[PDB]
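Visitor: Data: upload04.cif, mmCIF, C-alpha atoms and all ligand atoms.
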```
data_model
#
loop_
_atom_site.group_PDB
_atom_site.id
_atom_site.type_symbol
_atom_site.label_atom_id
_atom_site.label_comp_id
_atom_site.auth_asym_id
_atom_site.auth_seq_id
_atom_site.Cartn_x
_atom_site.Cartn_y
_atom_site.Cartn_z
ATOM 1 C CA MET B 1 2.630 25.417 -19.584
ATOM 2 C CA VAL B 2 5.548 23.846 -21.456
ATOM 3 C CA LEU B 3 8.482 22.455 -19.506
ATOM 4 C CA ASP B 4 11.322 24.564 -20.852
ATOM 5 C CA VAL B 5 14.154 24.199 -18.329
ATOM 6 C CA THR B 6 17.191 21.951 -18.061
ATOM 7 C CA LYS B 7 16.937 18.620 -16.278
ATOM 8 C CA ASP B 8 19.051 20.093 -13.477
ATOM 9 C CA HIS B 9 16.854 23.170 -13.220
ATOM 10 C CA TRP B 10 13.722 21.054 -13.398
ATOM 11 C CA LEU B 11 14.966 18.794 -10.577
ATOM 12 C CA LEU B 12 15.826 21.921 -8.581
ATOM 13 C CA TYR B 13 12.369 23.443 -9.164
ATOM 14 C CA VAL B 14 10.668 20.190 -8.120
ATOM 15 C CA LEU B 15 12.737 20.286 -4.926
ATOM 16 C CA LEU B 16 11.625 23.866 -4.198
ATOM 17 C CA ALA B 17 7.989 23.901 -5.482
ATOM 18 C CA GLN B 18 5.589 24.902 -2.715
ATOM 19 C CA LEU B 19 2.432 23.645 -4.460
ATOM 20 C CA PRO B 20 1.543 20.393 -6.258
ATOM 21 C CA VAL B 21 3.052 19.754 -9.674
ATOM 22 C CA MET B 22 1.440 17.797 -12.531
ATOM 23 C CA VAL B 23 3.472 16.822 -15.595
ATOM 24 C CA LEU B 24 2.040 15.557 -18.868
ATOM 25 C CA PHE B 25 4.582 13.388 -20.649
ATOM 26 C CA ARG B 26 3.516 13.380 -24.303
ATOM 27 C CA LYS B 27 4.870 12.566 -27.759
ATOM 28 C CA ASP B 28 2.032 12.189 -28.721
ATOM 29 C CA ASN B 29 0.966 11.189 -32.230
ATOM 30 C CA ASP B 30 -2.113 9.370 -30.859
ATOM 31 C CA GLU B 31 -5.825 10.170 -30.754
ATOM 32 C CA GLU B 32 -6.174 9.038 -27.142
ATOM 33 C CA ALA B 33 -3.093 11.106 -26.324
ATOM 34 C CA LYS B 34 -4.450 14.427 -27.617
ATOM 35 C CA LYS B 35 -7.592 13.968 -25.516
ATOM 36 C CA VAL B 36 -5.471 13.566 -22.366
ATOM 37 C CA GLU B 37 -3.554 16.611 -23.640
ATOM 38 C CA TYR B 38 -6.724 18.697 -23.804
ATOM 39 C CA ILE B 39 -8.082 17.416 -20.477
ATOM 40 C CA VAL B 40 -4.807 18.364 -18.772
ATOM 41 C CA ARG B 41 -4.912 21.870 -20.256
ATOM 42 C CA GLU B 42 -8.487 22.199 -18.980
ATOM 43 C CA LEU B 43 -7.502 21.155 -15.471
ATOM 44 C CA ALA B 44 -4.510 23.526 -15.530
ATOM 45 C CA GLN B 45 -6.939 26.371 -16.213
ATOM 46 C CA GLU B 46 -9.429 25.114 -13.636
ATOM 47 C CA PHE B 47 -6.827 24.716 -10.858
ATOM 48 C CA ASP B 48 -4.795 27.791 -11.842
ATOM 49 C CA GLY B 49 -3.107 28.939 -8.654
ATOM 50 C CA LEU B 50 -3.544 25.625 -6.855
ATOM 51 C CA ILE B 51 -1.274 23.386 -8.924
ATOM 52 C CA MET B 52 1.484 23.830 -11.475
ATOM 53 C CA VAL B 53 0.908 22.020 -14.746
ATOM 54 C CA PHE B 54 3.708 21.217 -17.185
ATOM 55 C CA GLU B 55 3.770 19.352 -20.478
ATOM 56 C CA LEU B 56 6.930 17.706 -21.730
ATOM 57 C CA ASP B 57 7.616 16.349 -25.181
ATOM 58 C CA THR B 58 9.659 13.284 -24.234
ATOM 59 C CA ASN B 59 12.001 13.638 -27.244
ATOM 60 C CA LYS B 60 13.094 17.209 -26.446
ATOM 61 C CA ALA B 61 13.922 16.254 -22.830
ATOM 62 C CA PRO B 62 14.566 12.495 -22.687
ATOM 63 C CA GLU B 63 16.796 12.996 -19.663
ATOM 64 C CA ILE B 64 13.783 14.269 -17.721
ATOM 65 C CA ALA B 65 11.491 11.559 -19.100
ATOM 66 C CA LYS B 66 14.320 9.155 -18.301
ATOM 67 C CA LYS B 67 14.638 10.130 -14.647
ATOM 68 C CA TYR B 68 10.976 9.187 -14.202
ATOM 69 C CA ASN B 69 11.144 6.038 -16.372
ATOM 70 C CA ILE B 70 8.515 7.335 -18.777
ATOM 71 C CA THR B 71 8.309 4.462 -21.240
ATOM 72 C CA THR B 72 4.946 5.236 -22.882
ATOM 73 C CA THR B 73 2.885 8.337 -23.596
ATOM 74 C CA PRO B 74 0.698 9.867 -22.443
ATOM 75 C CA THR B 75 1.756 9.621 -18.786
ATOM 76 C CA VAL B 76 0.651 12.044 -16.065
ATOM 77 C CA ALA B 77 2.983 12.346 -13.059
ATOM 78 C CA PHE B 78 2.225 14.056 -9.744
ATOM 79 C CA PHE B 79 4.860 15.766 -7.583
ATOM 80 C CA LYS B 80 4.753 16.968 -4.017
ATOM 81 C CA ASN B 81 7.533 17.617 -1.480
ATOM 82 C CA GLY B 82 10.224 17.213 -4.123
ATOM 83 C CA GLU B 83 9.485 13.815 -5.652
ATOM 84 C CA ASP B 84 7.021 12.003 -7.894
ATOM 85 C CA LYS B 85 4.252 10.481 -5.792
ATOM 86 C CA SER B 86 1.994 8.887 -8.405
ATOM 87 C CA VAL B 87 1.469 8.333 -12.126
ATOM 88 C CA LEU B 88 -1.608 7.728 -14.274
ATOM 89 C CA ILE B 89 -0.746 6.178 -17.641
ATOM 90 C CA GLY B 90 -2.738 6.291 -20.873
ATOM 91 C CA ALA B 91 -6.387 7.041 -21.672
ATOM 92 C CA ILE B 92 -7.033 8.432 -18.191
ATOM 93 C CA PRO B 93 -10.581 9.788 -17.734
ATOM 94 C CA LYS B 94 -10.872 13.456 -16.836
ATOM 95 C CA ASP B 95 -12.570 12.778 -13.497
ATOM 96 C CA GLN B 96 -9.762 10.475 -12.411
ATOM 97 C CA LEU B 97 -7.121 13.113 -13.185
ATOM 98 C CA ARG B 98 -9.290 15.635 -11.342
ATOM 99 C CA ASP B 99 -9.547 13.311 -8.347
ATOM 100 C CA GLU B 100 -5.761 12.774 -8.196
ATOM 101 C CA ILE B 101 -5.289 16.558 -8.246
ATOM 102 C CA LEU B 102 -7.796 16.892 -5.409
ATOM 103 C CA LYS B 103 -6.024 14.299 -3.325
ATOM 104 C CA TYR B 104 -2.720 16.156 -3.568
ATOM 105 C CA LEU B 105 -4.365 19.476 -2.631
ATOM 106 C CA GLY B 106 -4.666 18.088 0.906
HETATM 107 CU CU CU B 201 21.410 26.926 -12.600
#
```
Render the structure in this file as structure tokens.
Guide:
Amino acid sequence: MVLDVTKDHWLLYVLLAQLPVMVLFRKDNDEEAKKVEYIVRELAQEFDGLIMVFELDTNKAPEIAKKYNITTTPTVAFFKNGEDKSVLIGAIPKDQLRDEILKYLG
């Protein structure tokens, strides 16, 4: 789902989220980028109820992209216990994204 809240409300949500959070930072204007886009939507549907998936256009919320030092898109960031724990950048294979998700489920 699209990230639609203020940077302050996003930071607050991240603090309070009781299940893992996965954020696609996108722009995207790239053929590799739209494949990561689609893969992330697929995983959101697959792990519906187990993780929260957001997508953020980095030019409509550069303060959010800025807090996480997102310099290039696509970037996938993982959140647990209120902060960003890991990032996969670029043409990330689907199985590697899946495996990151599965490590944060534990
Ligand atoms: Cu408020």
Visitor: Pick out the closest residue to residue 102 in chain B from this set: B:77, B:51, B:33, B:70. Count all atoms listed in the file.
Guide: B:51
Visitor: Please write as a ChimeraX atom specification the full residue list that the PyMOL selection byres (((chain B and resi 53) around 12) and not hetatm) yields on this file.
Guide: /B:1-3,14,17,19-25,37,39-52,54-56,76-79,101
Visitor: Just to be explicit: take each residue in the selection above, keep C-alpha atoms, and write the result as a PDB file, in the coordinates of the input.
Guide:
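And here is the file that came out, part.pdb:
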```pdb
ATOM      1  CA  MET B   1       2.630  25.417 -19.584  1.00  0.00           C
ATOM      2  CA  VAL B   2       5.548  23.846 -21.456  1.00  0.00           C
ATOM      3  CA  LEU B   3       8.482  22.455 -19.506  1.00  0.00           C
ATOM      4  CA  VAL B  14      10.668  20.190  -8.120  1.00  0.00           C
ATOM      5  CA  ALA B  17       7.989  23.901  -5.482  1.00  0.00           C
ATOM      6  CA  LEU B  19       2.432  23.645  -4.460  1.00  0.00           C
ATOM      7  CA  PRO B  20       1.543  20.393  -6.258  1.00  0.00           C
ATOM      8  CA  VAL B  21       3.052  19.754  -9.674  1.00  0.00           C
ATOM      9  CA  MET B  22       1.440  17.797 -12.531  1.00  0.00           C
ATOM     10  CA  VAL B  23       3.472  16.822 -15.595  1.00  0.00           C
ATOM     11  CA  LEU B  24       2.040  15.557 -18.868  1.00  0.00           C
ATOM     12  CA  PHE B  25       4.582  13.388 -20.649  1.00  0.00           C
ATOM     13  CA  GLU B  37      -3.554  16.611 -23.640  1.00  0.00           C
ATOM     14  CA  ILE B  39      -8.082  17.416 -20.477  1.00  0.00           C
ATOM     15  CA  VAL B  40      -4.807  18.364 -18.772  1.00  0.00           C
ATOM     16  CA  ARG B  41      -4.912  21.870 -20.256  1.00  0.00           C
ATOM     17  CA  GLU B  42      -8.487  22.199 -18.980  1.00  0.00           C
ATOM     18  CA  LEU B  43      -7.502  21.155 -15.471  1.00  0.00           C
ATOM     19  CA  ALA B  44      -4.510  23.526 -15.530  1.00  0.00           C
ATOM     20  CA  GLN B  45      -6.939  26.371 -16.213  1.00  0.00           C
ATOM     21  CA  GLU B  46      -9.429  25.114 -13.636  1.00  0.00           C
ATOM     22  CA  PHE B  47      -6.827  24.716 -10.858  1.00  0.00           C
ATOM     23  CA  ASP B  48      -4.795  27.791 -11.842  1.00  0.00           C
ATOM     24  CA  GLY B  49      -3.107  28.939  -8.654  1.00  0.00           C
ATOM     25  CA  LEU B  50      -3.544  25.625  -6.855  1.00  0.00           C
ATOM     26  CA  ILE B  51      -1.274  23.386  -8.924  1.00  0.00           C
ATOM     27  CA  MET B  52       1.484  23.830 -11.475  1.00  0.00           C
ATOM     28  CA  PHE B  54       3.708  21.217 -17.185  1.00  0.00           C
ATOM     29  CA  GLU B  55       3.770  19.352 -20.478  1.00  0.00           C
ATOM     30  CA  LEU B  56       6.930  17.706 -21.730  1.00  0.00           C
ATOM     31  CA  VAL B  76       0.651  12.044 -16.065  1.00  0.00           C
ATOM     32  CA  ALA B  77       2.983  12.346 -13.059  1.00  0.00           C
ATOM     33  CA  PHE B  78       2.225  14.056  -9.744  1.00  0.00           C
ATOM     34  CA  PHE B  79       4.860  15.766  -7.583  1.00  0.00           C
ATOM     35  CA  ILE B 101      -5.289  16.558  -8.246  1.00  0.00           C
TER      36      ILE B 101
END
```
Visitor: Residues at most 12 Å from ligand CU 201 (chain B), using all atoms listed in the file? Could they come as a list in words?
Guide: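 Using all atoms listed in the file, everything at most 12 Å from ligand CU 201 (chain B) comes to residues 5, 6, 7, 8, 9, 10, 11, 12 and 13 of chain B.
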Visitor: Quick one: 6 Å padding each side, axis-aligned, all listed atoms of range 53-63 of chain B - centre and edge lengths in Å to one decimal, as JSON?
Guide:
```
{"center_x": 8.9, "center_y": 17.3, "center_z": -21.0, "size_x": 27.9, "size_y": 21.5, "size_z": 24.5}
```
Visitor: Report, in Å with one decimal, the straight-line distance from CA of residue 105 in chain B to CA of residue 90 in chain B.
Guide: 22.6 Å
Visitor: Could you tell me how far CA of residue 86 in chain B lies from CA of residue 31 in chain B, in Å and to one decimal?
Guide: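 Spanning CA of residue 86 in chain B to CA of residue 31 in chain B is a straight-line distance of 23.7 Å.
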Visitor: One decimal, Å: what's the distance from CA of residue 93 in chain B over to CA of residue 29 in chain B, could you say?
Guide: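 Going from CA of residue 93 in chain B over to CA of residue 29 in chain B covers 18.6 Å.
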Visitor: Taking 6 positions as the minimum chain separation for residues in the same chain, which residues sit within 9 Å of residue 58 in chain B when counting only C-alpha atoms? Answer as a count of residues only.
Guide: 9
Visitor: Can you fill out range 29-41 of chain B with N, CA, C and O atoms and hand it back as a short mmCIF file (atom, residue, chain, number, x, y, z; two decimals), in the coordinates of the input?
Guide:
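Result written to rebuild_26.cif:
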```
data_model
loop_
_atom_site.label_atom_id
_atom_site.label_comp_id
_atom_site.auth_asym_id
_atom_site.auth_seq_id
_atom_site.Cartn_x
_atom_site.Cartn_y
_atom_site.Cartn_z
N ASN B 29 1.24 11.86 -30.96
CA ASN B 29 0.97 11.19 -32.23
C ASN B 29 -0.19 10.19 -32.14
O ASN B 29 -0.29 9.29 -32.98
N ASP B 30 -1.07 10.34 -31.15
CA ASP B 30 -2.11 9.37 -30.86
C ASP B 30 -3.42 10.11 -30.63
O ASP B 30 -3.43 11.26 -30.17
N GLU B 31 -4.55 9.48 -30.97
CA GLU B 31 -5.82 10.17 -30.75
C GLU B 31 -6.25 10.14 -29.29
O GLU B 31 -6.85 11.10 -28.80
N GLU B 32 -5.97 9.04 -28.59
CA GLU B 32 -6.17 9.04 -27.14
C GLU B 32 -5.29 10.07 -26.47
O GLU B 32 -5.73 10.74 -25.52
N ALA B 33 -4.07 10.24 -26.98
CA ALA B 33 -3.09 11.11 -26.32
C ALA B 33 -3.50 12.57 -26.37
O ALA B 33 -3.34 13.30 -25.39
N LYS B 34 -4.03 13.03 -27.52
CA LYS B 34 -4.45 14.43 -27.62
C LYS B 34 -5.66 14.72 -26.73
O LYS B 34 -5.83 15.86 -26.28
N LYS B 35 -6.50 13.72 -26.45
CA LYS B 35 -7.59 13.97 -25.52
C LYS B 35 -7.08 14.16 -24.09
O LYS B 35 -7.53 15.06 -23.38
N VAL B 36 -6.13 13.33 -23.65
CA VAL B 36 -5.47 13.57 -22.37
C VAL B 36 -4.80 14.94 -22.36
O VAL B 36 -4.87 15.69 -21.38
N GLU B 37 -4.13 15.28 -23.46
CA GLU B 37 -3.55 16.61 -23.64
C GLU B 37 -4.57 17.70 -23.32
O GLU B 37 -4.34 18.56 -22.45
N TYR B 38 -5.71 17.66 -23.99
CA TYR B 38 -6.72 18.70 -23.80
C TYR B 38 -7.27 18.70 -22.38
O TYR B 38 -7.45 19.76 -21.77
N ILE B 39 -7.56 17.52 -21.84
CA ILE B 39 -8.08 17.42 -20.48
C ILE B 39 -7.11 18.06 -19.49
O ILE B 39 -7.52 18.78 -18.57
N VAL B 40 -5.81 17.80 -19.66
CA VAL B 40 -4.81 18.36 -18.77
C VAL B 40 -4.76 19.88 -18.90
O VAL B 40 -4.67 20.59 -17.89
N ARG B 41 -4.86 20.41 -20.12
CA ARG B 41 -4.91 21.87 -20.26
C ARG B 41 -6.13 22.45 -19.55
O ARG B 41 -6.04 23.50 -18.89
#
```
